[PDB]
């Protein structure tokens, strides 16, 4: 993923302000509510029967924090996403059988959450830079499918 020095600076500055306890869980929760078939992968989380049940579920919040950590890892390795994520891609493809279209959906839900938290500060150029990042992350998670 190539980001301009201006984009790198804007992405890093906004990322440093992200509420690490909330943003991941909100992105995961929204994925589960907006694309309901994704709930099939998280049966062990228990009650996901309503939007409020999903958003307030502690397993969604804890797992969402791990997912956010992985996007953070992506941002730190933009020149080597396939390498960094090799074992993560193996898990999602060989063990979990997650169709790769869902990785694109999660990346875009995360962008919606960032817009929701940052308001007008999530400017169109800041979004454009984040789109390159989430596309890179999605492609890296799908790379072990062949």
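Heads up, when I say rigid core I mean the largest set of C-alphas that superpose within 1.5 Å between the two forms. Numbering follows the first chain given and starts at 1.
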To spell it out: superpose each other structure in 5 other deposited structures of this protein onto this one by the rigid core, compute Cα RMS over structures and residues for 66-74 and for 106-114. Which is larger?
66-74
Highest mean C-alpha temperature factor of the two stretches 126-134 and 16-24, which is it?
16-24
Should the higher mean CA B-factor in the entry be assigned to 81-89 or to 60-68?
81-89
Based on the PDB record, which member of 95, 116, 30, 40 exhibits the highest Cα temperature factor?
95
Sort the modelled residues of this chain by their C-alpha B factor and say whether residue 100 lands in the lowest, middle or highest third.
middle
Within-chain third of residue 46 by Cα B-factor, per the entry
highest
